[PDB]
Amino acid sequence: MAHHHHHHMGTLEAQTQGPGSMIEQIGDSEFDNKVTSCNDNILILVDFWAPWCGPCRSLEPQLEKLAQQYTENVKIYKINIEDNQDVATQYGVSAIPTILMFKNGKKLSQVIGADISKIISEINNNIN
């Protein structure tokens, strides 16, 4: 019939995804705007999805995990500038993927690579 029964929602996954992407797509001109668009203590994670895409398969839904859990104090963006590789060299992208943090327009830490443990660690570490 229908397997509809659940209490709350915690860290439950299956490498699935579903409709409800939180990774905000932004263009070059929207970058500073969206970084400043934060209210207060809003941790902004800027993903640099390089077209190589290695462990990105797991990390993408894992980021959405943390995005949906922490969305009350977190907002993730993904920059659309696939033509300009300089952006990588400028922002210091050296892995696939690479996550920069910003908060209230103020400079925040950067986690390069695909380590969801380090990502979540810094998320809670930078919210609190």
# chains A, B, ... in the order shown; residues from 1 in each chain; ligands from 1
call {"tool": "residues_around", "arguments": {"residues": "residue 38 of chain A", "least_positions_apart": "5", "cutoff": "9 Å", "atoms": "only C-alpha atoms", "output": "PDB file with C-alpha atoms, in the first residue's frame"}}
result
ATOM      1  CA  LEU A  43      27.674  30.239   7.685  1.00  0.00           C
ATOM      2  CA  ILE A  44      28.024  30.391   3.917  1.00  0.00           C
ATOM      3  CA  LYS A  75      23.523  28.386   3.234  1.00  0.00           C
ATOM      4  CA  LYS A 103      30.126  34.573   7.210  1.00  0.00           C
ATOM      5  CA  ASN A 104      28.519  38.037   7.313  1.00  0.00           C
ATOM      6  CA  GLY A 105      30.836  38.918   4.433  1.00  0.00           C
TER       7      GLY A 105
END
call {"tool": "residues_around", "arguments": {"residues": "residue 63 of chain A", "least_positions_apart": "2", "cutoff": "10 Å", "atoms": "only C-alpha atoms", "output": "PyMOL selection string"}}
result
chain A and resi 22-23+45+47+56+58-61+65-69+76+116+119-120
call {"tool": "residues_around", "arguments": {"residues": "segment 80-90 of chain A", "least_positions_apart": "6", "cutoff": "12 Å", "atoms": "only C-alpha atoms", "output": "PyMOL selection string"}}
result
chain A and resi 23-31+46-52+96-100+112
call {"tool": "write_last_selection", "arguments": {"atoms": "N, CA, C and O atoms", "output": "JSON list (two decimals), in the first residue's frame"}}
result
[["chain", "number", "residue", "atom", "x", "y", "z"],
["A", 23, "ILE", "N", 21.99, 23.30, -2.50],
["A", 23, "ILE", "CA", 23.17, 23.93, -3.10],
["A", 23, "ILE", "C", 22.74, 25.02, -4.09],
["A", 23, "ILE", "O", 22.42, 24.73, -5.25],
["A", 24, "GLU", "N", 22.72, 26.26, -3.61],
["A", 24, "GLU", "CA", 22.28, 27.40, -4.41],
["A", 24, "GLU", "C", 23.24, 27.67, -5.56],
["A", 24, "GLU", "O", 24.44, 27.83, -5.34],
["A", 25, "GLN", "N", 22.72, 27.71, -6.78],
["A", 25, "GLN", "CA", 23.53, 28.05, -7.94],
["A", 25, "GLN", "C", 23.59, 29.57, -8.10],
["A", 25, "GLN", "O", 22.55, 30.24, -8.09],
["A", 26, "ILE", "N", 24.80, 30.12, -8.22],
["A", 26, "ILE", "CA", 24.97, 31.56, -8.35],
["A", 26, "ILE", "C", 25.97, 31.89, -9.46],
["A", 26, "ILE", "O", 26.92, 31.15, -9.69],
["A", 27, "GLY", "N", 25.73, 33.00, -10.14],
["A", 27, "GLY", "CA", 26.65, 33.47, -11.16],
["A", 27, "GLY", "C", 27.69, 34.42, -10.60],
["A", 27, "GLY", "O", 27.61, 34.82, -9.44],
["A", 28, "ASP", "N", 28.65, 34.79, -11.45],
["A", 28, "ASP", "CA", 29.76, 35.67, -11.06],
["A", 28, "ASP", "C", 29.28, 36.90, -10.29],
["A", 28, "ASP", "O", 29.82, 37.25, -9.24],
["A", 29, "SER", "N", 28.25, 37.55, -10.82],
["A", 29, "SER", "CA", 27.77, 38.83, -10.28],
["A", 29, "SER", "C", 27.00, 38.63, -8.97],
["A", 29, "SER", "O", 26.87, 39.56, -8.17],
["A", 30, "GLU", "N", 26.51, 37.41, -8.75],
["A", 30, "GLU", "CA", 25.70, 37.11, -7.57],
["A", 30, "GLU", "C", 26.57, 36.72, -6.38],
["A", 30, "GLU", "O", 26.09, 36.69, -5.25],
["A", 31, "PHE", "N", 27.85, 36.45, -6.63],
["A", 31, "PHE", "CA", 28.73, 35.90, -5.60],
["A", 31, "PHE", "C", 28.77, 36.79, -4.35],
["A", 31, "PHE", "O", 28.34, 36.38, -3.27],
["A", 46, "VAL", "N", 30.77, 27.96, 0.17],
["A", 46, "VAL", "CA", 30.84, 28.09, -1.28],
["A", 46, "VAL", "C", 31.57, 26.90, -1.88],
["A", 46, "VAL", "O", 32.79, 26.74, -1.69],
["A", 47, "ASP", "N", 30.82, 26.03, -2.54],
["A", 47, "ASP", "CA", 31.38, 24.87, -3.23],
["A", 47, "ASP", "C", 31.98, 25.26, -4.58],
["A", 47, "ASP", "O", 31.39, 26.06, -5.33],
["A", 48, "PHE", "N", 33.16, 24.72, -4.88],
["A", 48, "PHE", "CA", 33.79, 24.89, -6.18],
["A", 48, "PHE", "C", 33.80, 23.55, -6.92],
["A", 48, "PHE", "O", 34.79, 22.81, -6.89],
["A", 49, "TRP", "N", 32.66, 23.24, -7.54],
["A", 49, "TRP", "CA", 32.49, 22.01, -8.29],
["A", 49, "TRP", "C", 33.35, 22.02, -9.55],
["A", 49, "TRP", "O", 32.95, 22.55, -10.59],
["A", 50, "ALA", "N", 34.56, 21.48, -9.44],
["A", 50, "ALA", "CA", 35.44, 21.34, -10.59],
["A", 50, "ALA", "C", 35.00, 20.17, -11.46],
["A", 50, "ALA", "O", 34.67, 19.10, -10.95],
["A", 51, "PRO", "N", 35.01, 20.35, -12.80],
["A", 51, "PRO", "CA", 34.44, 19.38, -13.76],
["A", 51, "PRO", "C", 35.09, 17.99, -13.69],
["A", 51, "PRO", "O", 34.62, 17.05, -14.33],
["A", 52, "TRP", "N", 36.18, 17.86, -12.93],
["A", 52, "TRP", "CA", 36.84, 16.57, -12.76],
["A", 52, "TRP", "C", 35.91, 15.62, -12.00],
["A", 52, "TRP", "O", 35.66, 14.50, -12.45],
["A", 96, "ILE", "N", 39.11, 18.06, -5.53],
["A", 96, "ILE", "CA", 37.76, 17.89, -6.05],
["A", 96, "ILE", "C", 36.87, 17.15, -5.04],
["A", 96, "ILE", "O", 37.04, 15.95, -4.81],
["A", 97, "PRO", "N", 35.92, 17.85, -4.39],
["A", 97, "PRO", "CA", 35.68, 19.29, -4.59],
["A", 97, "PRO", "C", 36.52, 20.15, -3.64],
["A", 97, "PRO", "O", 37.51, 19.70, -3.07],
["A", 98, "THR", "N", 36.12, 21.41, -3.49],
["A", 98, "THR", "CA", 36.78, 22.34, -2.58],
["A", 98, "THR", "C", 35.75, 23.31, -2.01],
["A", 98, "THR", "O", 35.00, 23.95, -2.75],
["A", 99, "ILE", "N", 35.70, 23.39, -0.68],
["A", 99, "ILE", "CA", 34.70, 24.18, 0.03],
["A", 99, "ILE", "C", 35.33, 25.37, 0.75],
["A", 99, "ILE", "O", 36.18, 25.19, 1.62],
["A", 100, "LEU", "N", 34.92, 26.58, 0.38],
["A", 100, "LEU", "CA", 35.32, 27.79, 1.10],
["A", 100, "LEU", "C", 34.19, 28.23, 2.02],
["A", 100, "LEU", "O", 33.02, 27.97, 1.72],
["A", 112, "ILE", "N", 39.64, 22.01, 1.82],
["A", 112, "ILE", "CA", 39.96, 21.55, 0.48],
["A", 112, "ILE", "C", 39.99, 20.03, 0.43],
["A", 112, "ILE", "O", 40.74, 19.40, 1.18]]
call {"tool": "select_by_dssp", "arguments": {"residues": "chain A", "states": "helix (DSSP H, G or I)", "output": "PyMOL selection string"}}
result
chain A and resi 30-36+56-70+86-91+116-127
call {"tool": "write_last_selection", "arguments": {"atoms": "C-alpha atoms", "output": "PDB file, in the first residue's frame"}}
result
ATOM      1  CA  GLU A  30      25.697  37.110  -7.571  1.00  0.00           C
ATOM      2  CA  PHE A  31      28.732  35.901  -5.595  1.00  0.00           C
ATOM      3  CA  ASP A  32      29.382  38.943  -3.374  1.00  0.00           C
ATOM      4  CA  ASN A  33      25.651  39.668  -3.240  1.00  0.00           C
ATOM      5  CA  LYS A  34      24.780  36.205  -1.930  1.00  0.00           C
ATOM      6  CA  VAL A  35      27.763  36.193   0.450  1.00  0.00           C
ATOM      7  CA  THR A  36      26.543  39.489   1.938  1.00  0.00           C
ATOM      8  CA  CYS A  56      31.888  14.301  -5.430  1.00  0.00           C
ATOM      9  CA  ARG A  57      29.340  11.500  -5.928  1.00  0.00           C
ATOM     10  CA  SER A  58      29.076  10.857  -2.178  1.00  0.00           C
ATOM     11  CA  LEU A  59      30.006  14.363  -1.015  1.00  0.00           C
ATOM     12  CA  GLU A  60      27.229  16.094  -2.988  1.00  0.00           C
ATOM     13  CA  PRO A  61      24.313  14.346  -1.125  1.00  0.00           C
ATOM     14  CA  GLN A  62      26.460  14.510   2.042  1.00  0.00           C
ATOM     15  CA  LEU A  63      26.707  18.300   1.644  1.00  0.00           C
ATOM     16  CA  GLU A  64      22.952  18.459   1.089  1.00  0.00           C
ATOM     17  CA  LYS A  65      22.696  16.436   4.304  1.00  0.00           C
ATOM     18  CA  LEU A  66      24.558  19.041   6.315  1.00  0.00           C
ATOM     19  CA  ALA A  67      22.874  21.811   4.329  1.00  0.00           C
ATOM     20  CA  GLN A  68      19.379  20.651   5.251  1.00  0.00           C
ATOM     21  CA  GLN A  69      20.362  19.897   8.861  1.00  0.00           C
ATOM     22  CA  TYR A  70      22.151  23.225   9.386  1.00  0.00           C
ATOM     23  CA  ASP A  86      41.593  31.455 -12.772  1.00  0.00           C
ATOM     24  CA  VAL A  87      38.873  31.475 -10.107  1.00  0.00           C
ATOM     25  CA  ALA A  88      40.291  28.164  -8.866  1.00  0.00           C
ATOM     26  CA  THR A  89      43.845  29.507  -8.669  1.00  0.00           C
ATOM     27  CA  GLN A  90      42.573  32.691  -6.993  1.00  0.00           C
ATOM     28  CA  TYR A  91      40.380  31.069  -4.331  1.00  0.00           C
ATOM     29  CA  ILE A 116      32.759  15.205   5.159  1.00  0.00           C
ATOM     30  CA  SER A 117      33.967  14.755   8.737  1.00  0.00           C
ATOM     31  CA  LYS A 118      36.164  17.858   8.483  1.00  0.00           C
ATOM     32  CA  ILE A 119      33.382  19.700   6.660  1.00  0.00           C
ATOM     33  CA  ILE A 120      30.731  19.019   9.333  1.00  0.00           C
ATOM     34  CA  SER A 121      33.347  19.666  12.027  1.00  0.00           C
ATOM     35  CA  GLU A 122      34.054  23.147  10.683  1.00  0.00           C
ATOM     36  CA  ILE A 123      30.351  23.798  10.050  1.00  0.00           C
ATOM     37  CA  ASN A 124      29.423  23.324  13.716  1.00  0.00           C
ATOM     38  CA  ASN A 125      32.775  24.841  14.738  1.00  0.00           C
ATOM     39  CA  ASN A 126      31.975  28.014  12.759  1.00  0.00           C
ATOM     40  CA  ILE A 127      28.284  28.220  13.710  1.00  0.00           C
TER      41      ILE A 127
END
call {"tool": "select_by_dssp", "arguments": {"residues": "segment 26-109 of chain A", "states": "strand (DSSP E)", "output": "PyMOL selection string"}}
result
chain A and resi 26-27+43-47+74-80+98-103+106-109
call {"tool": "atom_distance", "arguments": {"atom1": "atom CA of residue 77 of chain A", "atom2": "atom CA of residue 14 of chain A"}}
result
23.3 Å
